[PDB]
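A.B. asks: Have a look at the structure that comes next, please.
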Amino acid sequence: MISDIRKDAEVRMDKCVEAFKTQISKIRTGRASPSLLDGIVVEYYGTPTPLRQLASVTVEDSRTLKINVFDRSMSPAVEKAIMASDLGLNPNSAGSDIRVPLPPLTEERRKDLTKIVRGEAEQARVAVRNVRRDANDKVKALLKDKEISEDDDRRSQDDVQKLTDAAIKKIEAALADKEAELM
Amino acid sequence: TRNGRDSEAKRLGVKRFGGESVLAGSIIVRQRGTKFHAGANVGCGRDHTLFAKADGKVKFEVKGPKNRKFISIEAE
RNA sequence: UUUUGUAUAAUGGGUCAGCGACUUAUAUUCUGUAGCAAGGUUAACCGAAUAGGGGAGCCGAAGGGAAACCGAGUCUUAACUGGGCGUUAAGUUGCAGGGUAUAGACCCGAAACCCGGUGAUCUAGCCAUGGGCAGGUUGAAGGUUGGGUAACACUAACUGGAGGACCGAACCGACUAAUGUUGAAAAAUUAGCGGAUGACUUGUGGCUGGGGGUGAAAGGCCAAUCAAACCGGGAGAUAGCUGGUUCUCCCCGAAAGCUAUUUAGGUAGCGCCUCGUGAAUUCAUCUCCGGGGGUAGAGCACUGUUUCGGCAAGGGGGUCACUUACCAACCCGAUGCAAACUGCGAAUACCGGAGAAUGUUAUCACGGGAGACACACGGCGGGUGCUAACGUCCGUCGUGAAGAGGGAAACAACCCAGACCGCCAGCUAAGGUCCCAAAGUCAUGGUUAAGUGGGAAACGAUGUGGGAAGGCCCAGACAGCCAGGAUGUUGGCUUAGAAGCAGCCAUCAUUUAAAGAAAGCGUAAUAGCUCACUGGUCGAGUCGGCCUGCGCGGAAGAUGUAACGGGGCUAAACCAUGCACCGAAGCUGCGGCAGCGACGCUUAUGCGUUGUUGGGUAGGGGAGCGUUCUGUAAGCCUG
RNA sequence: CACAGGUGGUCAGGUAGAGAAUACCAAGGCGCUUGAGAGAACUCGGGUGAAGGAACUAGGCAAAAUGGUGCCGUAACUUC
RNA sequence: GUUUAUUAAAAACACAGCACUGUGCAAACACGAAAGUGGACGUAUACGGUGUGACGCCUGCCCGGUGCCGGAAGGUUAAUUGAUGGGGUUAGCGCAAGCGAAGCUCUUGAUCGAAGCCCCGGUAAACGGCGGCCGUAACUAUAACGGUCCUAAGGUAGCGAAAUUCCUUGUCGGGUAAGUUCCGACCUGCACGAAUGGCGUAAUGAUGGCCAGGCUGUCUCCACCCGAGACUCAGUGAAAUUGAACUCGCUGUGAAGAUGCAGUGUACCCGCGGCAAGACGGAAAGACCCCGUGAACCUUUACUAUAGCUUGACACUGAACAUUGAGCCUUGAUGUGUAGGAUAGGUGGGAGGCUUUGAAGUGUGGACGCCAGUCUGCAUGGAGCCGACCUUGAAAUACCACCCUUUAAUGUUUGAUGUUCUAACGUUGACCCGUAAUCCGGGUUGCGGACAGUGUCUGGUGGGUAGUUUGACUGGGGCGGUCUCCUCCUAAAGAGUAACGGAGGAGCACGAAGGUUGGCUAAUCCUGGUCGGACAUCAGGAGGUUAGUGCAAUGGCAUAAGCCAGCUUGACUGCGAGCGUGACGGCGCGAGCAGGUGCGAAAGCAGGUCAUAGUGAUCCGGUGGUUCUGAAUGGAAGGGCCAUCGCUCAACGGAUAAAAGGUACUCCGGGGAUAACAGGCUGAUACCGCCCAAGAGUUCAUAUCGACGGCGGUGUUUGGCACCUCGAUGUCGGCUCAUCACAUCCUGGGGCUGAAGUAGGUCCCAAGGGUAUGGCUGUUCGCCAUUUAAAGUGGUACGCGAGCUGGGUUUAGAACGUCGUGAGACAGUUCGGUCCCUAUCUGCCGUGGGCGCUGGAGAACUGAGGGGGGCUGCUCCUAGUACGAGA
Ligand SMILES: NC[C@@H]1O[C@H](O[C@H]2[C@@H](O)[C@H](O[C@@H]3[C@@H](O)[C@H](N)C[C@H](N)[C@H]3O[C@H]3O[C@H](CO)[C@@H](O)[C@H](O)[C@H]3N)O[C@@H]2CO)[C@H](N)[C@@H](O)[C@@H]1O
Ligand SMILES: NC[C@@H]1O[C@H](O[C@H]2[C@@H](O)[C@H](O[C@@H]3[C@@H](O)[C@H](N)C[C@H](N)[C@H]3O[C@H]3O[C@H](CO)[C@@H](O)[C@H](O)[C@H]3N)O[C@@H]2CO)[C@H](N)[C@@H](O)[C@@H]1O
Ligand SMILES: [Mg+2]
Ligand SMILES: [Mg+2]
Ligand SMILES: [Mg+2]
Ligand SMILES: [Mg+2]
Ligand SMILES: [Mg+2]
Ligand SMILES: [Mg+2]
Ligand SMILES: [Mg+2]
Ligand SMILES: [Mg+2]
Ligand SMILES: [Mg+2]
Ligand SMILES: [Mg+2]
Ligand SMILES: [Mg+2]
Ligand SMILES: [Mg+2]
Ligand SMILES: [Mg+2]
Ligand SMILES: [Mg+2]
Ligand SMILES: [Mg+2]
Ligand SMILES: [Mg+2]
Ligand SMILES: [Mg+2]
Ligand SMILES: [Mg+2]
Ligand SMILES: [Mg+2]
Ligand SMILES: [Mg+2]
Ligand SMILES: [Mg+2]
Ligand SMILES: [Mg+2]
Ligand SMILES: [Mg+2]
Ligand SMILES: [Mg+2]
Ligand SMILES: [Mg+2]
Ligand SMILES: [Mg+2]
Ligand SMILES: [Mg+2]
Ligand SMILES: [Mg+2]
Ligand SMILES: [Mg+2]
Ligand SMILES: [Mg+2]
Ligand SMILES: [Mg+2]
Ligand SMILES: [Mg+2]
Ligand SMILES: [Mg+2]
Ligand SMILES: [Mg+2]
Ligand SMILES: [Mg+2]
Ligand SMILES: [Mg+2]
Ligand SMILES: [Mg+2]
Ligand SMILES: [Mg+2]
Ligand SMILES: [Mg+2]
Ligand SMILES: [Mg+2]
Ligand SMILES: [Mg+2]
Ligand SMILES: [Mg+2]
Ligand SMILES: [Mg+2]
Ligand SMILES: [Mg+2]
Ligand SMILES: [Mg+2]
Ligand SMILES: [Mg+2]
Ligand SMILES: [Mg+2]
Ligand SMILES: [Mg+2]
Ligand SMILES: [Mg+2]
Ligand SMILES: [Mg+2]
Ligand SMILES: [Mg+2]
Ligand SMILES: [Mg+2]
Ligand SMILES: [Mg+2]
Ligand SMILES: [Mg+2]
Ligand SMILES: [Mg+2]
Ligand SMILES: [Mg+2]
Ligand SMILES: [Mg+2]
Ligand SMILES: [Mg+2]
Ligand SMILES: [Mg+2]
Ligand SMILES: [Mg+2]
Ligand SMILES: [Mg+2]
Ligand SMILES: [Mg+2]
Ligand SMILES: [Mg+2]
Ligand SMILES: [Mg+2]
Ligand SMILES: [Mg+2]
Ligand SMILES: [Mg+2]
Ligand SMILES: [Mg+2]
Ligand SMILES: [Mg+2]
Ligand SMILES: [Mg+2]
Ligand SMILES: [Mg+2]
Ligand SMILES: [Mg+2]
Ligand SMILES: [Mg+2]
Ligand SMILES: [Mg+2]
Ligand SMILES: [Mg+2]
Ligand SMILES: [Mg+2]
Ligand SMILES: [Mg+2]
Ligand SMILES: [Mg+2]
Ligand SMILES: [Mg+2]
Ligand SMILES: [Mg+2]
Ligand SMILES: [Mg+2]
Ligand SMILES: [Mg+2]
Ligand SMILES: [Mg+2]
Ligand SMILES: [Mg+2]
Ligand SMILES: [Mg+2]
Ligand SMILES: [Mg+2]
Ligand SMILES: [Mg+2]
Ligand SMILES: [Mg+2]
Ligand SMILES: [Mg+2]
Ligand SMILES: [Mg+2]
Ligand SMILES: [Mg+2]
Ligand SMILES: [Mg+2]
Ligand SMILES: [Mg+2]
Ligand SMILES: [Mg+2]
Ligand SMILES: [Mg+2]
C-alpha cells in the first residue's frame with residue numbers, strides 16, 4: 001500500500017541529495033577542503049584504492065594544504081597521481097609534506113564555477129522532482145484499482161510533496177553555503 | 001482488520017433461583033458448560049439446560065470432591 | 001411557529017373589517033341509548049302513503065375439520081395417558097357519538113404527466129413581389145500602341161473598370177466606458193466603435209406548429225415565456241414535505257425507546273398515556289428467610305506482560321566437539337502490570353417465600369381512542385476523543401422537555417421547591433444579613449496584610465503563623481573585627497608553561513595553636529592575593545532538616561474600568577464555634593371553588609365537620625357557552 | 001403614459017464643403033406643460049491646469065493625443 | 001462572414017478547399033398510417049450523409065476490441081409440419097383384480113425450416129489505440145547496445161514548461177534599477193503529435209499576452225472655472241418596508257455576535273443638511289450542500305417495449321420443363337495395431353457352392369489409389385484356386401445374414417436452384433376517349449411477370465422513440481468500507497444494553513465423526529536410548545489435563561463430552577406435562593405417553609453429533625402418496641391433505657420475473673435535522689513564555705546558546721465539533737477611511753555583555769508619536785530593486801461592497817491536457833462573462849429650533865470637563881579630544 005512507497009520515495013530522495021553534496025565535493029574552491037583529494041584515483045605498488053589508505057589529507061591554511069604521509073619512497077609516485085588528475089595542482093616537493101597550494105578564486109571562478117554548482121544543484125532537484133512523479137504514480141495507480149479512498153489518495157499525493165519540499169531544502173541549503181565558499 | 005460485528009444475545013443464566021416454586025418441566029438454568037450440574041429430579045438437556053422432573057422447590061448446593069454446583073429439587 | 005432549546009440577530013403577520021380549513025355518502029366495528037328477545041329486522045315494491053302491506057333476504061341461538069363428514073362436540077393419530085379449537089358467556093334493529101374502508105375525505109400549495117385546441121402581426125428559415133446603398137479611393141482581367149526577340153518570353157505607357165477590395169454618411173450591427181438600475185426605456189442614452197456592391201439591407205403578402213418547427217449550432221428562436229409554446233380540458237394529478245387549523249371550564253397525562261422497514265425527519269407491532277369492563281392483597285416500600293453471582297478492590301497459581309538476584313539448557317563467539325567477555329528460556333527467591341488474566345472477591349442490584357403498615361388499584365387481563373419512535377443538560381459507571389469540545393456512543397438517576405416561585409449578577413437543563421382561588425398575617429428551604437437591597441458594621445478564638453479574597457501550573461524565595469525532634473555553645477558557640485595562614489615544595493609531572501593553575505597523577509608525607517602539594521581573584525611562569533583551618537576578641541544564643549496553616553513570584557490581548565454585579569471592605573476576607581434574624585407560589589393561619597372517599601344529619605341524597613387531590617406539551621376523558629336555521633309559534637315581546 | 005425607444009416610401013434651397021458629413025442659414029417648424037431664488041458638501045456632464053509624465057491599474061480603464069489635401073519619401077517580411 | 005434578442009462576438013459556427021461514404025433514377029435520402037411531395041422538371045463533372053477547414057511541407061505504426069463491407073463449410077436456431085411415445089374417456093374380455101378396439105381428446109415434439117450469431121476475410125481522412133521491467137562503455141554520469149515480459153502494435157515527421165507542465169515563480173538567456181508575465185533556449189512531454197489533423201504561414205482581427213515613442217488629472221495631489229441636480233420658496237405628489245416602541249454606550253449574560261438581559265457608564269426636549277459602522281438593514285420560501293423510495297430533459301453494451309429496417313411461412317398466386325444441396329436407401333461393396341505362407345468385420349454359423357442353369361491368374365479394355373494395392377461389366381479362361389491349415393488378444397472373399405468406419409445407384413422422396421409461358425399483379429414508356437385537363441378512370445400497346453409488392457404470422461436488428469430503474473448506514477455527502485449468522489470484551493457480579501468500538505469465526509463436515517455395551521487416559525520437563533536435532537518413536541520419573549473436542553471463541557468435560565473396539569440404525573413415526581426467548585413471523589428445552597427398533601446379563605441408554613454458527617418467508621410450480629373435493633350424472637382434469645423438490649431473493653423480514661448513468665441548461669418540495677464563509681465550544685496542533693542543565697562557548701553550564709526530558713499562557717495557525725444563520729449573515733485581494741492590543745520596528749529610560757571606541761548582542765521598562773516608493777503575480781504572501789530613524793506582530797465578520805473595485809473565485813459560451821463508450825467530469829489549465837437600494841431607528845460629522853437655569857434684558861468671564869498636538873534626519877562646535885597598536 002501507500003506505506004511501503006512513502007518510505008520508498010523517502011530513501012530515494014534523501015539519498016538523492018547525498019549525491020549532490022558528493023559531487024560538489026569534487027570541485028576546487030579557495031578553501032582547503034581535504035575531501036578534494038579524499039576521492040582521487042591513485043596507483044601505488046600493487047593496486048588502486050584512494051590515498052585514504054596512505055596519507056593524512058590535512059591543512060596548513062585556507063590557501064594551502066599539507067599532506068602528512070607514512071612512507072617516503074612514493075612521494076613522486078603520488079605527486080604525479082595528484083599532479084595529473086584533472087585538478088591543476090602542482091605539488092611542491094619541499095619534502096615531508098607534499099605541499100599542494102590552493103590558487104585563489106580568479107573571479108572567472110567566483111563566477112562560471114559558481115554556475116556549475118547551482119546547475120549541479122538544479123539537476124539534483126530534477127531527480128528529486130521525478131522521485132515525486134513516480135511515487136504518486138503508484139498512489140494514483142492503486143486508486144483507480146479501488147484499494148485507496150480519494151481522501152487516502154489526496155492525503156498521500158500531498159505529503160509526498162512534503163517529502164520533495166524538505167528534500168529540496170536540504171539540496172538548496174547545502175548549495176547555499178557552498179556558494180559562500182567563493183562569494 | 002475490520003471489526004464491528006457480534007452475535008445476538010443468547011439470554012442465558014439462572015431462570016428460577018433458590019427455593020422458588022416451579023412445577024415439573026420448568027427450566028432452572030440455561031448454561032453452556034455444565035457450570036451447574038444435575039441434582040435430584042433435574043435432568044440436564046442437550047442444551048446443557050437443567051429442567052426439573054418434578055414439581056418442587058429449587059435447591060442449589062455443592063456436593064462431592066470437585067466441589068461442583070448441583071441443582072436439586074426439594075420434593076413438594 | 002418550530003425546536004433539546006428562541007427576547008432571540010430563526011418563521012409569520014403594516015392595521016382594521018368581512019371570508020378562510022376534521023365534512024358528505026356508503027359499508028364496518030366499539031360505546032352510549034331505545035325497542036323487541038332466542039329471537040331481531042325487513043329491502044325493492046305495493047300503498048288507500050312517515051301508516052299499513054311485503055320476511056326475498058340479513059344477523060343470531062354450533063361448532064370442529066383443508067374436506068367428505070361428524071356434531072356438543074370435532075379434529076389430531078393405529079389409538080391417545082393426552083393435546084388444539086368449541087360447549088359454560090343474548091342476541092338484533094334503530095338513534096347519537098368514537099374510530100376505520102372507499103371516496104378529494106382538514107385546508108391551501110409543486111416542478112410535472114396526458115388529451116384537445118389557438119398561435120410564424122415578435123422572432124428563425126424559406127417563397128413570390130417592390131424598394132435602398134451621399135461622398136471619396138485603389139486600378140485585376142481585357143484592349144491599343146511603342147520598346148525588345150530570329151521568333152517567343154520580356155518590358156513601357158495609355159486605355160479599361162474587376163473585387164463577400166479600401167476610407168466614409170444614410171442604412172445594418174453592437175466591441176468599450178460612463179450614465180441610468182423605484183430608468184426617459186421590463187435591455188436605453190452619450191462618447192468612441194464593426195459592416196456599409198454584399199453569404200448586404202428593407203417594405204407587402206406567403207409557408208413551415210409543439211416532442212413539432214426553425215436554427216452559418218447558442219439549446220438559440222417560435223408574440224416581453226422555451227432542456228419542450230400558449231389556451232381549455234383529465235384536475236380537487238400527487239405532495240411520507242412546509243405552513244396553517246377559529247368558543248369556554250374541569251380530570252388524567254405521555255414519548256423522543258425496542259424490534260422491523262428501498263428504512264433512517266415516514267410507517268407498523270411492542271413499551272409509555274387515556275377511557276371502559278373485569279379480576280385476586282394483584283402491585284410497591286421495608287423486615288426477616290431461601291438464592292445465583294465474578295463487577296469494585298485485591299492477587300500473580302493460571303494466561304500473558306515486567307525489573308533485580310541465584311540457577312541454568314541452549315543461543316553468540318574463540319575450535320580444528322571447546323571454551324566462552326557476551327544476549328540468555330525453564331525452575332527458585334524478591335517486585336510490579338491486565339477490558340478480552342483469576343487460587344480471591346465485596347457494596348449495590350436482581351429473583352423468590354413470608355409478613356405489617358401505608359398507598360384514592362398503585363397490579364394484571366381484555367377492550368374503545370391515541371400520541372410518540374429529532375431529545376437536552378447535570379450526577380455517577382464506562383467505549384470514543386486528548387479522562388479536549390455547549391463533542392460523540394451506551395448504562396443509571398435527576399431536572400428541562402411538558403413546571404411557574406426563591407437562590408446561582410444576568411444564566412431551559414445546577415441548588416431549594418411542585419403554583420385550585422383570594423389575604424397590606426405567620427414559620428422556613430436554598431441562599432443571605434456595610435450601602436445599592438429584606439436581615440448581625442452579632443458574640444468568642446485564630447489566621448492573612450496579598451485587595452489574597454475577587455483566575456492560572458512546573459518551579460522559585462531568610463514572607464508570616466503552628467507542631468514535634470535534632471546539632472553547636474560561658475572548657476566562650478553564631479556572626480562580625482585582629483591576626484597568623486607556614487613548609488616536604490616547582491610535586492613528581494606525555495610536562496614547549498601550570499607549582500591550586502583548562503592540563504598531569506595521586507592526595508599520601510613534614511609541622512605547630514593552625515594552614516588543603518589547595519576553595520578563586522588568579523600569572524608569561526613567579527605571582528599580588530582572599531579562602532578553608534586555627535589563636536584572640538566579643539559575650540548568650542545560634543544552625544538547618546521534618547511535619548503544618550495562610551500568603552508571595554511564576555501571571556501578556558485586542559471598543560471601556562471589564563477576572564467580587566457594583567460601591568466600597570483590612571474585615572464587609574479566611575478558619576473554627578455560637579445565637580439571632582431576612583428569605584419562596586414550600587409549611588401554617590383565615591375565606592372560597594371543585595374531584596374522590598369517610599363519619600354524622602339525612603334518601604331521588606342535599607349536607608355539616610373531615611380526610612385527600614387539583615403545574616402541564618402530544619394526547620385521551622367529562623361538562624358547558626354563543627351564533628344561523630326547524631318545531632313549540634295564528635304563542636310571546638315589539639312604532 | 002401627452003413615454004429621450006421602434007416605424008416602410010417621396011421631396012432635396014443658400015454659403016463653405018468631396019459630400020445626403022459638418023457649421024451657419026432659407027422655406028417652413030419650434031423652446032421640449034412645474035416655475036422662482038440660491039451659487040455648500042456630494043453626484044452628473046464639461047473647461048483649464050505649475051513641475052513630473054503610467055510612478056495609476058488586474059489592465060493606459062478612462063482621458064490626452066493623431067486627424068486635410070498636394071508633392072517628396074518609406075524597412076523586415078510577402079501568397080508579389 | 002455568423003452567433004448566445006435581454007451579462008459570452010471568441011480561439012466558437014459558417015466558409016472555399018480536402019477526404020470517406022451512400023445513391024442508376026419509381027435514386028439514396030426526407031415529410032407523409034396513405035395518396036402523394038421534396039430531392040429535381042436534376043441524372044454520378046449529379047444528389048445525399050459524415051468528418052476536415054485557405055494555402056505550404058505533410059498526414060507514420062496498430063484490424064486484437066466495437067463497428068461497418070464480404071463470405072461459405074458446418075455448429076446453433078423462428079413461425080411452421082406433427083413422426084413417435086405417454087394419458088383421459090369406453091364398445092367389448094372379464095367372478096373382481098384388472099385389461100383395453102375404433103373414435104373423440106390432453107399431452108410429447110421426429111422430420112422440415114431463412115437471416116442472425118458462432119466462425120473466416122477486409123477496412124482506421126471508421127470508433128479508436130500507439131507498453132513495462134532488467135542490465136551494458138578503459139573514472140563518474142549517461143547508455144548508441146543487450147535481455148526479458150506484455151501487447152493489435154508500442155508515438156515516425158514535426159512539435160514541446162505549450163490555450164496542453166502537476167512539482168513550477170522549472171533552469172539558462174534577453175529585456176528592467178528591480179520581470180510569478182513576455183521573448184529565445186533546454187527537454188526532466190505528471191498527461192503534445194499527424195484530416196475528433198501535425199508543424200509553418202503573407203493578409204485579415206472591436207481576438208489573447210509582452211514591449212516602446214507620443215500624449216496626457218490615470219497617478220504624485222489635488223486646484224480653479226462653466227453648467228444639470230443637490231439647498232430654500234410656491235404648485236402637484238410617489239416608493240419599498242412595517243408584531244409593537246417611551247428605538248444610547250461599555251463589559252458581561254443568553255438559542256452561543258444585545259436599543260430591549262445583568263451590572264455600569266453617559267444623556268435637557270425637537271428638528272435641518274450631510275456620512276453609511278449597526279439594526280445579523282430592504283428585495284427573492286438559498287442557486288451551493290444535503291434530504292424526498294420528488295420533476296424534467298440528456299446519455300448509454302442499464303431494463304423493458306416499440307416505429308423503422310431486415311429473415312422466412314401462409315395468402316393474394318397461374319401454366320410448363322429441368323437441375324441439384326439431400327435424411328435414408330433394395331443391386332452391394334467400403335478394410336496395413338504387435339509377433340503375418342496378406343490391405344486380420346464387432347464376433348459367429350460351420351464341414352462344396354458356384355461347375356454341369358460358363359469360372360484360375362499370368363494382359364489389365366472401366367480403375368478406386370497414400371503412383372503401396374486391385375474387384376474382376378463381356379468374355380479370353382476349356383473339369384478345381386483350395387478352407388479347421390504348424391503363426392493368431394480371434395483363422396479365410398470356403399457359401400451366406402442386418403452392416404460400429406466408409407461408400408454407391410432405383411424409387412422417387414426431404415425439400416432448394418434454373419428456364420419458359422401469359423392470364424393475376426406492377427408500369428413514375430407511347431397512343432386513344434371522357435376532355436380544349438401533365439389529376440382520375442376506361443381503352444389500345446410495349447415492358448415486367450407469378451417476380452415485385454401488400455396482409456396475417458415469424459427470427460433478428462432496433463437510444464430512432466418511449467416508460468422506468470439505478471438501496472441504505474455514514475460524525476454533511478462522496479470516496480473507502482459495511483448490511484444475515486456465531487464467540488469473547490466494552491456490559492457497571494440476574495436479563496438486556498450503543499458507536500465507521502477492541503478482537504475472531506460461520507454459509508459446513510461426518511452412515512460414523514451417529515447409537516449402545518466394554519475398555520482406556522493426556523501436555524510439558526528431567527534421565528537413559530540406533531540413525532534422532534528444541535520437539536518423531538521407546539523406557540522411567542516428575543507432572544496432573546496445561547493435552548484433546550472435525551472448526552472461532554467462551555462456557556464445559558475424568559462418571560470424561562477426550563481415545564479404542566464389538567454389535568448396530570433411536571440420524572425412529574405419532575404425541576407432549578411444563579418451561580425458555582421473541583412486537584411478530586418464529587426459535588429453543590423437555591420429562592412423560594403410544595407404537596415399533598438397537599445396545600446391555602441387568603439396572604438402563606438411544607427422538608442424531610460437548611453445547612452455542614453451518615441459513616432464506618410467502619407466492620408460483622414439480623414429484624410421490626391419499627376418493628377428501630369433482631360445476632347435469634359417471635369418470636376425468638384442476639383443487640385440497642400429508643411427504644418432499646426448485647433462491648449467496650447475502651441490500652440475507654426477501655419493493656419487480658425483469659434495470660446503469662449525466663445535468664454547470666436545469667426544476668420543485670424541504671432543512672441551519674446537514675457541509676462550505678464568518679461567529680461559538682475545544683486548544684490536540686500552532687505560536688509566545690517558563691522549569692531541569694549533559695553540552696556548545698579556548699578555559700567558564702546560563703554573554704550568547706542548549707540535548708534528554710518537564711510546566712504554562714494566548715486564542716493566533718492546522719484542526720475537531722455541528723450550537724447560531726439555508727422563507728439568503730455576499731467570498732479572496734485592492735481602494736478609501738480606520739480602530740484597539742503589546743508579545744516594541746523606530747525614537748525615549750535602563751540591566752547584563754564574550755560592552756576599549758564606533759557599532760553589536762540579550763533582557764527590563766515604555767503604546768506618546770512615527771513606522772516607504774517600485775518590478776513581478778488577482779494575490780494576501782513572497783522574492784527582487786532602492787530608500788528610511790523604522791519599514792513592528794496581532795485583534796477588529798481573517799475591520800471596512802445599503803462606501804468603490806470586480807483582477808481571483810462557482811452559472812450559462814469555448815478549448816487544451818486528462819477521465820469516460822457517452823451524456824458529461826477535474827480540489828487541472830485556458831479566452832469571455834449585468835456588483836441594485838432616495839436612510840425610518842442607532843451611531844457619527846455639522847448646524848438650527850424649544851424650554852430650563854426662578855423678574856427681565858445686554859455684555860464680559862471663571863474653567864469643572866472634553867478634544868487637538870506629542871514624529872524624527874543630517875551638519876556643526878565640543879573634538880579629530882576620551883578610547884584606541886592603528887583603523
Ligand atoms: N399419418 C398419421 C395421421 O394420423 C391421423 O390421426 C390422428 C389422430 O387420429 C391420432 O390420435 C390417436 C387416437 O385417435 C388414438 N385413440 C390413440 C393414439 N395414441 C392417438 O395418437 C395420437 O396421440 C398420441 C398420444 O396419446 C400422440 O403421440 C400423438 O398426438 C398421436 N400419435 O393421432 C393422429 C395425429 O396425432 C389420421 N389418421 C390421418 O390424418 C393420418 O393417418
Ligand atoms: N525513434 C528513434 C529510436 O528510438 C529508440 O527508442 C527505443 C529505445 O528507447 C527502447 O528500446 C529498448 C532497448 O533500448 C532495450 N535495450 C530493450 C527494449 N526491449 C527496447 O524496447 C523497444 O524495443 C522492443 C522490441 O524489441 C519493444 O518491445 C519495445 O516496445 C521498445 N520500446 O524503446 C524505444 C523504441 O520504442 C532509440 N532511442 C533509438 O533506437 C532511436 O533513437
Ligand atoms: Mg432549529
Ligand atoms: Mg417538543
Ligand atoms: Mg429565555
Ligand atoms: Mg431586535
Ligand atoms: Mg423575530
Ligand atoms: Mg431574516
Ligand atoms: Mg415578517
Ligand atoms: Mg413576415
Ligand atoms: Mg467591400
Ligand atoms: Mg467603413
Ligand atoms: Mg455584448
Ligand atoms: Mg451609438
Ligand atoms: Mg421573446
Ligand atoms: Mg415535457
Ligand atoms: Mg392541489
Ligand atoms: Mg383523476
Ligand atoms: Mg432491511
Ligand atoms: Mg481493578
Ligand atoms: Mg534473569
Ligand atoms: Mg447489574
Ligand atoms: Mg422482595
Ligand atoms: Mg383502570
Ligand atoms: Mg393503532
Ligand atoms: Mg425513526
Ligand atoms: Mg432515534
Ligand atoms: Mg440517548
Ligand atoms: Mg460521562
Ligand atoms: Mg429563576
Ligand atoms: Mg455565573
Ligand atoms: Mg433573578
Ligand atoms: Mg441556613
Ligand atoms: Mg438591607
Ligand atoms: Mg465585629
Ligand atoms: Mg488578583
Ligand atoms: Mg566567631
Ligand atoms: Mg501561587
Ligand atoms: Mg458560621
Ligand atoms: Mg423568618
Ligand atoms: Mg411568602
Ligand atoms: Mg399550596
Ligand atoms: Mg381553607
Ligand atoms: Mg398542588
Ligand atoms: Mg396532576
Ligand atoms: Mg390540569
Ligand atoms: Mg410632454
Ligand atoms: Mg415619443
Ligand atoms: Mg446636417
Ligand atoms: Mg419640461
Ligand atoms: Mg456648481
Ligand atoms: Mg481636458
Ligand atoms: Mg498638469
Ligand atoms: Mg506643463
Ligand atoms: Mg514626455
Ligand atoms: Mg504596475
Ligand atoms: Mg482608450
Ligand atoms: Mg477625445
Ligand atoms: Mg469579422
Ligand atoms: Mg448576448
Ligand atoms: Mg457534399
Ligand atoms: Mg474544427
Ligand atoms: Mg491516421
Ligand atoms: Mg517560453
Ligand atoms: Mg490533441
Ligand atoms: Mg485545428
Ligand atoms: Mg416643495
Ligand atoms: Mg455582547
Ligand atoms: Mg452594546
Ligand atoms: Mg438626520
Ligand atoms: Mg429555502
Ligand atoms: Mg431514454
Ligand atoms: Mg444517504
Ligand atoms: Mg450481565
Ligand atoms: Mg466427538
Ligand atoms: Mg463406556
Ligand atoms: Mg531426550
Ligand atoms: Mg362431472
Ligand atoms: Mg362438466
Ligand atoms: Mg461549460
Ligand atoms: Mg450547454
Ligand atoms: Mg429550491
Ligand atoms: Mg446548525
Ligand atoms: Mg453568525
Ligand atoms: Mg450533533
Ligand atoms: Mg447533538
Ligand atoms: Mg437580507
Ligand atoms: Mg512589555
Ligand atoms: Mg532569552
Ligand atoms: Mg503598484
Ligand atoms: Mg510590495
Ligand atoms: Mg513596465
Ligand atoms: Mg475581509
Ligand atoms: Mg452596492
Ligand atoms: Mg472574472
Ligand atoms: Mg445615500
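By convention in this document, the chains of the C-alpha cells carry letters A, B, ... by their order, each chain's residues are numbered from 1, and ligands are numbered from 1 in the order they are shown.
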Taking the backbone alone, and naming residues the way the document does, which bits of region 30-111 of chain A are strand (DSSP E) by DSSP, as number ranges by chain?
C.D. replies: A: 55-57, 64-65, 67-69, 100-101
A.B. asks: Would you name the residues within 12 Å of ligand 53, counting only C-alpha atoms (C1' of nucleotides) and all ligand atoms, and put them as JSON, numbers by chain?
C.D. replies: {"D": [48, 49, 50, 51, 52, 53, 64], "E": [216, 217, 219, 220, 221, 222, 223]}
A.B. asks: Please dump the current selection as a PDB file, in the first residue's frame; keep C-alpha atoms (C1' of nucleotides).
C.D. replies:
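What follows is the written file result33.pdb:
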ATOM      1  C1'   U D  48      -8.136  74.974 -17.772  1.00  0.00           C
ATOM      2  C1'   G D  49      -4.119  73.241 -15.188  1.00  0.00           C
ATOM      3  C1'   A D  50       2.673  74.580 -12.225  1.00  0.00           C
ATOM      4  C1'   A D  51       6.639  70.588 -12.051  1.00  0.00           C
ATOM      5  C1'   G D  52       6.698  65.259 -13.116  1.00  0.00           C
ATOM      6  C1'   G D  53       4.693  62.050 -17.234  1.00  0.00           C
ATOM      7  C1'   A D  64      -4.933  63.098 -23.563  1.00  0.00           C
TER       8        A D  64
ATOM      9  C1'   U E 216      -1.873  63.057 -21.019  1.00  0.00           C
ATOM     10  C1'   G E 217      -5.508  64.861 -13.913  1.00  0.00           C
ATOM     11  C1'   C E 219      -1.292  58.889 -10.894  1.00  0.00           C
ATOM     12  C1'   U E 220       2.340  62.003  -7.161  1.00  0.00           C
ATOM     13  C1'   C E 221      -2.023  65.525  -5.318  1.00  0.00           C
ATOM     14  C1'   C E 222      -5.314  67.828  -5.973  1.00  0.00           C
ATOM     15  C1'   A E 223      -6.799  73.385  -7.515  1.00  0.00           C
TER      16        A E 223
END
A.B. asks: May I have the residues of chain C within 6 Å of chain B, counting only C-alpha atoms (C1' of nucleotides), written as a PyMOL selection string?
C.D. replies: chain C and resi 290-291+352
A.B. asks: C1' of residue 555 (chain E) to CA of residue 47 (chain B): how many Å, to one decimal?
C.D. replies: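 Computed distance, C1' of residue 555 (chain E) to CA of residue 47 (chain B), equals 12.0 Å.
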A.B. asks: Give me the residues near residue 299 (chain C) as a PyMOL selection string, where near means some atom within 12 Å (using only C-alpha atoms (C1' of nucleotides)) and where sequence neighbours in that chain fewer than 4 positions away do not count.
C.D. replies: chain C and resi 336-337+341-345
A.B. asks: Write a file of the just-selected residues containing C-alpha atoms (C1' of nucleotides), as a PDB file, in the first residue's frame.
C.D. replies:
ATOM      1  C1'   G C 336       5.103  -4.717  39.664  1.00  0.00           C
ATOM      2  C1'   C C 337       1.059  -4.530  35.405  1.00  0.00           C
ATOM      3  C1'   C C 341      -5.835 -12.970  33.367  1.00  0.00           C
ATOM      4  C1'   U C 342      -8.474 -15.351  38.366  1.00  0.00           C
ATOM      5  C1'   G C 343      -6.410 -19.984  43.736  1.00  0.00           C
ATOM      6  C1'   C C 344      -9.677 -14.446  45.810  1.00  0.00           C
ATOM      7  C1'   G C 345     -13.933 -11.353  45.992  1.00  0.00           C
TER       8        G C 345
END
A.B. asks: I need the helix (DSSP H, G or I) residues of chain A per DSSP on the backbone, written as an MDAnalysis selection string.
C.D. replies: chainID A and resid 3:14 17:23 75:83 113:144 150:180
A.B. asks: Which polymer residues have any atom within 12 Å of an atom of residue 490 (chain C), counting only C-alpha atoms (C1' of nucleotides), with same-chain residues fewer than 2 positions away left out, as a list in words?
C.D. replies: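 Those residues are residues 492, 493, 495, 497, 498, 499, 517, 525 and 526 of chain C.
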